[PDB]
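Shown below: query31.txt, with compact mmCIF, N, CA, C and O atoms.
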```
# COMPACT_ATOMS: atom_id res chain seq x y z
N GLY C 1 0.80 -1.21 0.00
CA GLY C 1 0.00 0.00 0.00
C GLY C 1 0.83 1.27 0.00
O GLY C 1 1.16 1.81 1.06
N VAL C 2 1.18 1.74 -1.19
CA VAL C 2 1.99 2.94 -1.37
C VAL C 2 1.16 3.96 -2.14
O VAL C 2 0.67 3.66 -3.24
N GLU C 3 1.00 5.15 -1.57
CA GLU C 3 0.26 6.23 -2.22
C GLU C 3 1.26 7.23 -2.81
O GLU C 3 2.15 7.71 -2.10
N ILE C 4 1.10 7.53 -4.09
CA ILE C 4 2.01 8.42 -4.81
C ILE C 4 1.22 9.64 -5.28
O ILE C 4 0.20 9.50 -5.96
N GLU C 5 1.70 10.82 -4.91
CA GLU C 5 1.14 12.08 -5.38
C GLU C 5 2.22 12.80 -6.18
O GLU C 5 3.33 13.01 -5.69
N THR C 6 1.89 13.18 -7.42
CA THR C 6 2.86 13.80 -8.31
C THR C 6 3.06 15.26 -7.91
O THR C 6 2.24 16.12 -8.24
N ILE C 7 4.15 15.54 -7.19
CA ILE C 7 4.46 16.91 -6.81
C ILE C 7 5.31 17.62 -7.86
O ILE C 7 5.54 18.83 -7.75
N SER C 8 5.78 16.90 -8.88
CA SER C 8 6.50 17.47 -10.01
C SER C 8 5.92 16.94 -11.31
O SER C 8 5.40 15.82 -11.36
N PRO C 9 5.98 17.73 -12.39
CA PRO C 9 5.43 17.26 -13.68
C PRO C 9 6.11 16.00 -14.19
O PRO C 9 5.44 15.00 -14.45
N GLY C 10 7.43 16.04 -14.32
CA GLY C 10 8.17 14.89 -14.80
C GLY C 10 7.80 14.48 -16.21
O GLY C 10 7.24 13.40 -16.42
N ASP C 11 8.12 15.33 -17.19
CA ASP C 11 7.76 15.06 -18.57
C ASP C 11 8.53 13.90 -19.18
O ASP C 11 8.15 13.42 -20.25
N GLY C 12 9.61 13.46 -18.54
CA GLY C 12 10.39 12.34 -19.04
C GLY C 12 9.61 11.05 -19.15
O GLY C 12 8.94 10.64 -18.20
N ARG C 13 9.68 10.40 -20.31
CA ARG C 13 8.97 9.15 -20.55
C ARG C 13 9.80 7.92 -20.20
O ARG C 13 9.28 6.80 -20.28
N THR C 14 11.07 8.10 -19.83
CA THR C 14 11.91 6.96 -19.48
C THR C 14 11.44 6.32 -18.18
O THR C 14 11.11 7.01 -17.22
N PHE C 15 11.41 4.99 -18.17
CA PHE C 15 10.99 4.25 -16.99
C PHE C 15 12.06 3.24 -16.58
O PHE C 15 12.71 2.64 -17.45
N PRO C 16 12.27 3.04 -15.28
CA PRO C 16 13.26 2.05 -14.85
C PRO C 16 12.86 0.64 -15.26
O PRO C 16 11.68 0.28 -15.25
N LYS C 17 13.86 -0.16 -15.62
CA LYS C 17 13.67 -1.55 -16.00
C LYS C 17 14.50 -2.46 -15.10
O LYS C 17 15.29 -2.00 -14.27
N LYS C 18 14.30 -3.76 -15.27
CA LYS C 18 15.02 -4.74 -14.47
C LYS C 18 16.50 -4.72 -14.80
O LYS C 18 16.90 -4.52 -15.95
N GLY C 19 17.33 -4.93 -13.78
CA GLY C 19 18.77 -4.94 -13.96
C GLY C 19 19.36 -3.62 -14.38
O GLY C 19 20.24 -3.58 -15.26
N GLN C 20 18.91 -2.52 -13.78
CA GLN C 20 19.41 -1.19 -14.11
C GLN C 20 19.71 -0.43 -12.82
O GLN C 20 19.07 -0.65 -11.79
N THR C 21 20.70 0.45 -12.90
CA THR C 21 20.98 1.36 -11.80
C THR C 21 20.01 2.55 -11.84
O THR C 21 19.46 2.90 -12.88
N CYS C 22 19.82 3.16 -10.68
CA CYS C 22 18.88 4.27 -10.55
C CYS C 22 19.35 5.18 -9.43
O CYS C 22 19.67 4.70 -8.34
N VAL C 23 19.39 6.48 -9.69
CA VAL C 23 19.86 7.45 -8.71
C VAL C 23 18.68 8.27 -8.20
O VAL C 23 17.90 8.82 -8.99
N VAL C 24 18.53 8.33 -6.88
CA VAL C 24 17.44 9.07 -6.24
C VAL C 24 18.00 9.88 -5.09
O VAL C 24 18.78 9.38 -4.27
N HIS C 25 17.59 11.15 -5.02
CA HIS C 25 17.87 12.02 -3.88
C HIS C 25 16.66 11.94 -2.97
O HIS C 25 15.65 12.62 -3.19
N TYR C 26 16.75 11.12 -1.92
CA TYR C 26 15.61 10.82 -1.07
C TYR C 26 15.72 11.55 0.26
O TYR C 26 16.81 11.72 0.81
N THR C 27 14.57 11.98 0.76
CA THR C 27 14.46 12.60 2.08
C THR C 27 13.27 11.97 2.79
O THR C 27 12.13 12.08 2.33
N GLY C 28 13.55 11.30 3.90
CA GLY C 28 12.53 10.58 4.65
C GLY C 28 12.21 11.26 5.97
O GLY C 28 13.11 11.76 6.66
N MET C 29 10.92 11.28 6.31
CA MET C 29 10.46 11.84 7.57
C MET C 29 9.46 10.88 8.20
O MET C 29 8.73 10.17 7.51
N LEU C 30 9.42 10.88 9.53
CA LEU C 30 8.42 10.12 10.25
C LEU C 30 7.13 10.93 10.33
O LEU C 30 7.14 12.16 10.36
N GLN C 31 6.00 10.22 10.33
CA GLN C 31 4.72 10.87 10.06
C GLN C 31 4.38 11.94 11.09
O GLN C 31 3.58 12.84 10.81
N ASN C 32 4.97 11.87 12.29
CA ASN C 32 4.81 12.95 13.25
C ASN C 32 5.48 14.23 12.77
O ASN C 32 4.96 15.33 12.99
N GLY C 33 6.64 14.11 12.11
CA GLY C 33 7.28 15.27 11.51
C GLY C 33 8.80 15.31 11.54
O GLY C 33 9.41 16.13 10.86
N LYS C 34 9.42 14.43 12.32
CA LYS C 34 10.88 14.41 12.41
C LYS C 34 11.47 13.52 11.32
O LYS C 34 10.95 12.44 11.04
N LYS C 35 12.56 13.99 10.71
CA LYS C 35 13.21 13.26 9.63
C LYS C 35 14.29 12.36 10.21
O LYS C 35 14.82 12.62 11.29
N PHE C 36 14.62 11.28 9.49
CA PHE C 36 15.70 10.40 9.90
C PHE C 36 16.81 10.31 8.86
O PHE C 36 17.96 10.04 9.22
N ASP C 37 16.51 10.52 7.58
CA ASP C 37 17.49 10.34 6.52
C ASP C 37 17.30 11.42 5.47
O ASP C 37 16.18 11.85 5.19
N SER C 38 18.41 11.88 4.91
CA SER C 38 18.38 12.82 3.80
C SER C 38 19.68 12.64 3.03
O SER C 38 20.74 13.03 3.52
N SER C 39 19.59 12.02 1.85
CA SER C 39 20.79 11.85 1.03
C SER C 39 21.38 13.18 0.61
O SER C 39 22.59 13.27 0.36
N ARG C 40 20.57 14.22 0.55
CA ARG C 40 21.09 15.50 0.09
C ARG C 40 21.97 16.18 1.13
O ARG C 40 22.78 17.05 0.78
N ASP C 41 21.82 15.80 2.40
CA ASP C 41 22.71 16.27 3.46
C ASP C 41 24.12 15.74 3.26
O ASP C 41 25.10 16.39 3.65
N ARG C 42 24.25 14.56 2.65
CA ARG C 42 25.55 14.00 2.33
C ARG C 42 26.09 14.50 1.00
O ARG C 42 27.26 14.24 0.69
N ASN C 43 25.28 15.21 0.21
CA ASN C 43 25.66 15.72 -1.11
C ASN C 43 26.08 14.61 -2.06
O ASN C 43 26.86 14.85 -2.99
N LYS C 44 25.59 13.39 -1.85
CA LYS C 44 25.91 12.27 -2.71
C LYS C 44 24.63 11.57 -3.17
O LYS C 44 23.79 11.22 -2.33
N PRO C 45 24.44 11.38 -4.48
CA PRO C 45 23.24 10.67 -4.94
C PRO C 45 23.26 9.22 -4.49
O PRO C 45 24.30 8.56 -4.50
N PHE C 46 22.09 8.72 -4.08
CA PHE C 46 21.98 7.36 -3.57
C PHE C 46 21.77 6.40 -4.74
O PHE C 46 20.67 6.31 -5.29
N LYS C 47 22.83 5.67 -5.10
CA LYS C 47 22.80 4.72 -6.21
C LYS C 47 22.21 3.41 -5.68
O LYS C 47 22.76 2.81 -4.74
N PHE C 48 21.10 2.97 -6.26
CA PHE C 48 20.56 1.65 -5.96
C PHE C 48 20.06 1.00 -7.24
O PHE C 48 19.55 1.69 -8.13
N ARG C 49 20.21 -0.32 -7.33
CA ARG C 49 19.74 -1.07 -8.48
C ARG C 49 18.37 -1.67 -8.20
O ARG C 49 18.10 -2.13 -7.08
N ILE C 50 17.51 -1.65 -9.21
CA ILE C 50 16.18 -2.23 -9.07
C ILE C 50 16.30 -3.73 -8.90
O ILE C 50 16.86 -4.42 -9.77
N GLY C 51 15.79 -4.25 -7.79
CA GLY C 51 15.90 -5.66 -7.48
C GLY C 51 16.96 -5.94 -6.44
O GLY C 51 17.50 -5.04 -5.79
N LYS C 52 17.22 -7.24 -6.26
CA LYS C 52 18.23 -7.75 -5.34
C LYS C 52 17.89 -7.44 -3.88
O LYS C 52 18.69 -7.73 -2.98
N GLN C 53 16.72 -6.86 -3.64
CA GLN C 53 16.23 -6.57 -2.29
C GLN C 53 17.22 -5.73 -1.49
O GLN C 53 17.41 -5.94 -0.29
N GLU C 54 17.86 -4.78 -2.16
CA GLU C 54 18.80 -3.89 -1.48
C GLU C 54 18.07 -2.85 -0.63
O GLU C 54 18.61 -2.41 0.40
N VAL C 55 16.87 -2.45 -1.03
CA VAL C 55 16.08 -1.45 -0.34
C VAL C 55 14.69 -2.04 -0.11
O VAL C 55 14.28 -2.99 -0.78
N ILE C 56 13.97 -1.48 0.88
CA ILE C 56 12.64 -1.98 1.20
C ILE C 56 11.74 -1.95 -0.04
O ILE C 56 11.94 -1.17 -0.97
N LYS C 57 10.73 -2.83 -0.03
CA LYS C 57 9.90 -3.03 -1.21
C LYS C 57 9.10 -1.79 -1.58
O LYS C 57 8.89 -1.52 -2.77
N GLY C 58 8.64 -1.03 -0.58
CA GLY C 58 7.86 0.16 -0.88
C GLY C 58 8.66 1.20 -1.65
O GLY C 58 8.17 1.77 -2.63
N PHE C 59 9.89 1.45 -1.20
CA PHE C 59 10.74 2.43 -1.88
C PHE C 59 11.04 1.99 -3.32
O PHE C 59 10.97 2.81 -4.25
N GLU C 60 11.35 0.71 -3.51
CA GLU C 60 11.65 0.21 -4.85
C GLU C 60 10.43 0.29 -5.76
O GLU C 60 10.55 0.70 -6.92
N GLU C 61 9.26 -0.09 -5.26
CA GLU C 61 8.05 -0.01 -6.07
C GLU C 61 7.71 1.43 -6.43
O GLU C 61 7.34 1.73 -7.57
N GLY C 62 7.85 2.34 -5.46
CA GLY C 62 7.62 3.75 -5.75
C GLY C 62 8.56 4.28 -6.80
O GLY C 62 8.14 4.96 -7.74
N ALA C 63 9.85 3.96 -6.69
CA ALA C 63 10.82 4.39 -7.69
C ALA C 63 10.50 3.79 -9.06
O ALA C 63 10.71 4.44 -10.09
N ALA C 64 10.02 2.54 -9.09
CA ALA C 64 9.66 1.92 -10.35
C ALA C 64 8.48 2.62 -11.01
O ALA C 64 8.48 2.82 -12.23
N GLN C 65 7.47 3.00 -10.23
CA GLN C 65 6.26 3.56 -10.82
C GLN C 65 6.43 5.01 -11.27
O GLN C 65 5.62 5.50 -12.07
N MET C 66 7.45 5.72 -10.78
CA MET C 66 7.69 7.10 -11.17
C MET C 66 8.98 7.21 -11.99
O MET C 66 9.85 6.34 -11.95
N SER C 67 9.11 8.30 -12.75
CA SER C 67 10.00 8.35 -13.91
C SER C 67 11.06 9.43 -13.74
O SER C 67 11.20 10.02 -12.66
N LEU C 68 11.79 9.69 -14.82
CA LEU C 68 12.89 10.65 -14.81
C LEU C 68 12.37 12.08 -14.67
O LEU C 68 11.35 12.45 -15.24
N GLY C 69 13.11 12.89 -13.91
CA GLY C 69 12.74 14.27 -13.72
C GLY C 69 11.45 14.49 -12.98
O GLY C 69 10.87 15.57 -13.05
N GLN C 70 10.99 13.48 -12.25
CA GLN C 70 9.73 13.52 -11.53
C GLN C 70 10.00 13.46 -10.03
O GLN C 70 11.00 12.87 -9.60
N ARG C 71 9.14 14.10 -9.25
CA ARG C 71 9.21 14.07 -7.80
C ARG C 71 7.88 13.59 -7.24
O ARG C 71 6.82 13.90 -7.79
N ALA C 72 7.94 12.82 -6.15
CA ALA C 72 6.74 12.28 -5.54
C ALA C 72 7.00 12.00 -4.07
O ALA C 72 8.15 11.91 -3.62
N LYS C 73 5.91 11.85 -3.32
CA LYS C 73 5.96 11.51 -1.90
C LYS C 73 5.35 10.13 -1.73
O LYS C 73 4.23 9.88 -2.18
N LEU C 74 6.09 9.23 -1.08
CA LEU C 74 5.66 7.85 -0.90
C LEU C 74 5.16 7.64 0.52
O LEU C 74 5.84 7.99 1.49
N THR C 75 3.97 7.06 0.64
CA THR C 75 3.38 6.70 1.93
C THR C 75 3.63 5.21 2.14
O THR C 75 2.97 4.36 1.54
N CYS C 76 4.60 4.90 3.00
CA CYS C 76 5.02 3.53 3.24
C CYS C 76 4.38 3.02 4.52
O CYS C 76 4.61 3.57 5.60
N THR C 77 3.57 1.96 4.40
CA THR C 77 2.97 1.31 5.55
C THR C 77 4.02 0.49 6.29
O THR C 77 5.01 0.05 5.70
N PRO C 78 3.84 0.29 7.60
CA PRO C 78 4.80 -0.55 8.35
C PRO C 78 4.87 -1.98 7.85
O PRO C 78 5.88 -2.65 8.09
N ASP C 79 3.83 -2.48 7.18
CA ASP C 79 3.88 -3.83 6.63
C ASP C 79 4.97 -3.96 5.57
O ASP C 79 5.68 -4.96 5.53
N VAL C 80 5.11 -2.95 4.71
CA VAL C 80 6.14 -2.94 3.68
C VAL C 80 7.42 -2.28 4.18
O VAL C 80 8.38 -2.10 3.41
N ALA C 81 7.48 -1.93 5.46
CA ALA C 81 8.61 -1.27 6.09
C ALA C 81 9.19 -2.19 7.17
O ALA C 81 8.85 -3.37 7.25
N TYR C 82 10.10 -1.63 7.98
CA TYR C 82 10.72 -2.41 9.05
C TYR C 82 9.68 -3.05 9.96
O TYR C 82 9.89 -4.17 10.44
N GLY C 83 8.56 -2.37 10.20
CA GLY C 83 7.50 -2.96 11.00
C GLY C 83 7.90 -3.14 12.45
O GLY C 83 8.49 -2.24 13.07
N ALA C 84 7.57 -4.31 13.00
CA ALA C 84 7.91 -4.59 14.39
C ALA C 84 9.42 -4.60 14.61
O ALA C 84 9.91 -4.08 15.61
N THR C 85 10.17 -5.19 13.67
CA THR C 85 11.63 -5.21 13.74
C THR C 85 12.18 -3.90 13.16
O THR C 85 12.77 -3.86 12.08
N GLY C 86 11.96 -2.83 13.90
CA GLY C 86 12.39 -1.52 13.47
C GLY C 86 13.89 -1.35 13.53
O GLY C 86 14.63 -2.15 14.10
N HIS C 87 14.35 -0.27 12.91
CA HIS C 87 15.78 0.05 12.91
C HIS C 87 16.23 0.33 14.34
O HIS C 87 15.56 1.08 15.06
N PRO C 88 17.36 -0.24 14.78
CA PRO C 88 17.78 -0.04 16.18
C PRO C 88 18.17 1.40 16.48
O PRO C 88 19.17 1.91 15.96
N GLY C 89 17.38 2.06 17.32
CA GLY C 89 17.66 3.43 17.72
C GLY C 89 17.35 4.49 16.69
O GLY C 89 17.74 5.64 16.88
N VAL C 90 16.65 4.14 15.61
CA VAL C 90 16.36 5.11 14.55
C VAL C 90 14.86 5.25 14.36
O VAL C 90 14.30 6.34 14.53
N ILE C 91 14.20 4.15 14.01
CA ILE C 91 12.78 4.15 13.68
C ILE C 91 12.05 3.29 14.72
O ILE C 91 12.40 2.13 14.89
N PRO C 92 11.05 3.83 15.41
CA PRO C 92 10.28 3.02 16.36
C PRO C 92 9.47 1.96 15.63
O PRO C 92 9.10 2.15 14.46
N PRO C 93 9.18 0.84 16.28
CA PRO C 93 8.40 -0.21 15.62
C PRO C 93 7.00 0.26 15.26
O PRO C 93 6.39 1.08 15.95
N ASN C 94 6.49 -0.28 14.15
CA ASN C 94 5.15 0.02 13.64
C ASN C 94 4.98 1.52 13.39
O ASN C 94 4.15 2.19 14.00
N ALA C 95 5.78 2.02 12.45
CA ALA C 95 5.74 3.43 12.07
C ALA C 95 5.74 3.55 10.55
O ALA C 95 6.33 2.74 9.84
N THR C 96 5.06 4.58 10.06
CA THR C 96 5.00 4.87 8.64
C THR C 96 6.13 5.81 8.24
O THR C 96 6.67 6.55 9.05
N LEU C 97 6.48 5.76 6.95
CA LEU C 97 7.62 6.50 6.42
C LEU C 97 7.18 7.27 5.18
O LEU C 97 6.47 6.73 4.33
N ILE C 98 7.61 8.53 5.09
CA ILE C 98 7.31 9.39 3.95
C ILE C 98 8.63 9.77 3.30
O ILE C 98 9.53 10.30 3.96
N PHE C 99 8.74 9.51 2.00
CA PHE C 99 9.98 9.70 1.26
C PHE C 99 9.83 10.80 0.21
O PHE C 99 8.77 10.93 -0.41
N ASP C 100 10.89 11.58 0.03
CA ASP C 100 10.95 12.61 -1.01
C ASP C 100 11.85 12.09 -2.13
O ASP C 100 13.05 12.38 -2.19
N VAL C 101 11.26 11.30 -3.03
CA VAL C 101 12.00 10.56 -4.05
C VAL C 101 12.01 11.32 -5.37
O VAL C 101 11.08 12.07 -5.68
N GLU C 102 13.08 11.13 -6.14
CA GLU C 102 13.27 11.82 -7.42
C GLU C 102 14.44 11.17 -8.15
O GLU C 102 15.55 11.12 -7.60
N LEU C 103 14.23 10.71 -9.38
CA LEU C 103 15.36 10.29 -10.21
C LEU C 103 16.09 11.48 -10.81
O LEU C 103 15.53 12.57 -10.96
N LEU C 104 17.35 11.25 -11.16
CA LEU C 104 18.17 12.17 -11.94
C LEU C 104 18.63 11.55 -13.24
O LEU C 104 18.73 12.25 -14.26
N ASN C 105 18.92 10.25 -13.24
CA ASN C 105 19.42 9.53 -14.40
C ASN C 105 19.02 8.07 -14.27
O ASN C 105 19.02 7.52 -13.17
N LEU C 106 18.69 7.45 -15.40
CA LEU C 106 18.36 6.02 -15.46
C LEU C 106 17.24 5.64 -14.49
O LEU C 106 16.29 4.96 -14.86
```
Kindly return the structure encoded in the file as structure tokens.
Amino acid sequence: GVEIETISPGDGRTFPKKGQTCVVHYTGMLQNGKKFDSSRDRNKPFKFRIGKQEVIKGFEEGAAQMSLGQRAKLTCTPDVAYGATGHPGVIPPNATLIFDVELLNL
């Protein structure tokens, strides 16, 4: 259950495919309002490949459904997230995650 709202036009027709790299500048916040991660604070694009279960399923599905030059906010349910086995000292168990996702290339 991922809800995507198009906050950017994203006229690019390119779509991610299997076995491809994908760069996203992601910013995540907990639904109360505090953030835990921001790749842009590191000034480095987050390179991840579609598949291989490198990232949670919600983030990968959201990145797959949205395209180049597009921005969107992903509503990640705890079922598709860490859930009960939350991140140690970072994310409390049974919490939702909101991501500021955007491709730059591929």
By how many Å are atom N of residue 5 in chain C and atom O of residue 94 in chain C apart?
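These atoms are spaced 20.9 Å apart.
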Tell me, which residues of chain C carry DSSP strand (DSSP E or B), written as a PyMOL selection string?
chain C and resi 2-6+21-24+27-30+35-38+46-49+68+71-76+97-103
Given only C-alpha atoms as the counted atoms, nearest of C:79, C:106, C:96, C:56 to residue 21 in chain C:
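Closest to residue 21 in chain C, using only C-alpha atoms: C:106.
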Using all atoms listed in the file, pick whichever of C:35, C:16, C:102, C:22 has the shortest atom-to-atom distance to residue 71 in chain C.
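Among the listed residues, the smallest separation from residue 71 in chain C belongs to C:102.
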Can you measure CA of residue 64 in chain C to CA of residue 89 in chain C for me? One decimal in Å is fine.
29.2 Å
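Minimum distance to residue 91 in chain C across C:63, C:36, C:75, C:25 (counting all atoms listed in the file) occurs at C:36.
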Around all listed atoms of range 75-91 of chain C, padded 5 Å per side, what centre and edge lengths does the axis-aligned box have in Å to one decimal, as AutoDock Vina command-line options?
```
--center_x 11.1 --center_y 0.9 --center_z 9.2 --size_x 26.2 --size_y 22.3 --size_z 27.1
```
With a distance cut-off of 8 Å and only N, CA, C and O atoms, select the neighbouring residues of residue 13 in chain C, excluding the residue or stretch itself and same-chain residues fewer than 4 positions from it, and output the selection as a list in words.
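Once the nearby chain positions are removed, what remains is residues 67, 68 and 69 of chain C.
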For residue 58 in chain C, the nearest of the candidates C:20, C:39, C:72, C:80, counting all atoms listed in the file:
C:80
